[PDB]
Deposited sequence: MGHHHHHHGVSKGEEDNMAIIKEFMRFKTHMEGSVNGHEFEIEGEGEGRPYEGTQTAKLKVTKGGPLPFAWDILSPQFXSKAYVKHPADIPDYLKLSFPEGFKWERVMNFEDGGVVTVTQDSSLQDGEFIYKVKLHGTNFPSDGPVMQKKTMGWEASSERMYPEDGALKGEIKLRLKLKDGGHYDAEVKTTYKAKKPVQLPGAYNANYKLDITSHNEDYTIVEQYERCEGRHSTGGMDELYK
């Protein structure tokens, strides 16, 4: 219940199910919220090893860490200490769907994230269930004010191991727990990398850089 410092830590917990496969993940991260950089270390605590591509989970692990110029109100930083919630749908090009709900708060000097995720309708021979993906390309989320919340739309592109790409259309609503100043439409430009992973992807490290700007 405080301020966002130049250096901030986070703890995260995810409960999810993908194609009937139940799991939980606990993680710890850190970064520079005003620089727009962060890292996270995630561990599968239940249901590992996962039978599907880690990549569908990585974008679910932190919008307080977006670099904003002074002219674009930082709605999601402004939401603290009480914080914000978001809800997302990812529609993959072969019919697979992920939905996610998340709550973000600031407690005792650290961000606390709680994530719930459903994935379903991934084909058994597709790249997610066959683990044939190799990270996300850099992307730009179009952010805009609507219904008193901040909305985001992204066309995400997953690289495939054997060539080509696999797309998801992503729509998210981000809502502060109390009214704070919304921005005009802008672009949130992300690069998310898996920096390490053990054999079976039960311990994974990620890095993300995100900066908001006007096009």
Task: Regions left out of the model, expressed as runs of the deposited sequence counted from 1 - done: 1-17, 79, 234-242
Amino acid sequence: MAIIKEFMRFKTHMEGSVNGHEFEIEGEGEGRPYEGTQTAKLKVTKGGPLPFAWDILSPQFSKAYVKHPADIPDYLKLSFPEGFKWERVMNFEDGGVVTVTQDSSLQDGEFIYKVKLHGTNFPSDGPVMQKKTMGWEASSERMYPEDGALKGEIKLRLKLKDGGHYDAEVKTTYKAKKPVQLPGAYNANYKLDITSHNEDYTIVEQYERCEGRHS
From here on, numbers count along this sequence of modelled residues.
Open item on the list: I need to verify one thing: averaged over C-alpha atoms only, is the B-factor higher for 11-19 or for 196-204?
Closed with: 196-204
Task: Stretch exceeding the other in mean C-alpha B-factor - 26-34, 66-74 - done: 66-74
Open item on the list: Among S124, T101, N91, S104, where is the Cα B factor highest in this entry?
Closed with: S124
Open item on the list: Which third, lowest, middle or highest, does the C-alpha temperature factor of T39 belong to within its own chain?
Closed with: middle
Task: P179, C-alpha B-factor rank within chain (lowest, middle or highest third) - done: highest
- [ ] Would you check the entry's CA temperature factor for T120 and let me know if it's in the chain's lowest, middle or highest third?
- [x] lowest
TODO: Consider only the C-alpha atoms of the modelled residues in this chain, order them by B-factor as the entry records it, and name the third containing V128: lowest, middle or highest.
DONE: lowest
Open item on the list: Test of reading the entry: by CA B factor among the chain's modelled residues, which third contains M134?
Closed with: highest
